[PDB]
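Step one of this worksheet: look at the structure below.
Backbone-built Cβ (ideal geometry, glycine too); neighbour counts: all protein chains shown. Read-outs: derived from the displayed coordinates by stated rules, not from any lab.
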Amino acid sequence: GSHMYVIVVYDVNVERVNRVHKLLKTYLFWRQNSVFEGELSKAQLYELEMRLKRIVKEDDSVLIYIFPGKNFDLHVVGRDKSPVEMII
Amino acid sequence: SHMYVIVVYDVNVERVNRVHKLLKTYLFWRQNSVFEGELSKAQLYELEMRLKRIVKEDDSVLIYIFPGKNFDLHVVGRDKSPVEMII
């Protein structure tokens, strides 16, 4: 299967925040506050988008950035909630 | 020497206007708290330094640095950026 990398930023109303967050945790890695990322197949990306589309209503927003692969660096300014691992 | 960046901020309302105004000088506001655009490394280092002197107290700015603009964006829900006529 052809594979992509995605970065998802959502902006949804507070009544819907738990349904969007639980749905995104099934497919993707929780980075921080409202940002999810990870590898997805194309059937899985279309399934996530369809299930997101049935949740979002009424000026809710989900940004899905679709990449051919994981060729990036991430730098965090401020609080990094992601735990630090020991690399020898 | 040149990169594409995607910036997502999570800042308290006391400092939010200062983070938004600074990111608007360097980058394009996509929508809600996401900025993106091209930057040189001198500009990315300067933006990050000025961001570091603003954030306090569990404020967070995610800066994703890419070698170029090789991606698509799909939006679910409200698209704030207007759609243009391409003929």
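Things to note:
- Any hit, segment B:69-78, residues being of a type in the set (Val, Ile, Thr) and in contact with a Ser or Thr (Cβ under 8 Å, 6 or more places away or on another chain): yes
- Residues in segment B:47-59 that are over 30 Å from A:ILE55 (Cα atoms), surrounded by 13 or more Cβ atoms within 10 Å (Cβ to Cβ) and either more than 7 Å from chain A (Cβ to nearest Cβ) or out of contact with any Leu (no Cβ under 9 Å at 6 or more places or on another chain) (or both): B:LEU47, B:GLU48, B:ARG50, B:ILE54, B:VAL55.
- Total residues in segment A:65-74, condition surrounded by fewer than 15 Cβ atoms within 10 Å (Cβ to Cβ) and either within 10 Å of chain B (Cβ to nearest Cβ) or aromatic (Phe, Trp, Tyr) (or both): 4
- Residue within segment B:34-46 that is facing chain A (nearest Cβ under 9 Å), more than 10 Å from the chain's Cα centre (by Cα), under 21 Å from A:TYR5 (Cα atoms) and not in a helix (DSSP H, G or I) present: no
- Considering B:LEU62, B:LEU27, B:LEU23, B:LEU44, the condition of being hydrophobic (A, V, I, L, M, F, W, C), crowded, with 16+ Cβ neighbours inside 10 Å and farther than 27 Å from A:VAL20 by Cβ is satisfied by B:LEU44 alone.
- In summary, A:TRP30 fulfils each of the numbered conditions (1) over 22 Å from B:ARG78 (Cα atoms); (2) in a strand (DSSP E or B); (3) touching a residue at least 60 places away in the same chain (Cβ under 8 Å) with the single exception of condition (3).
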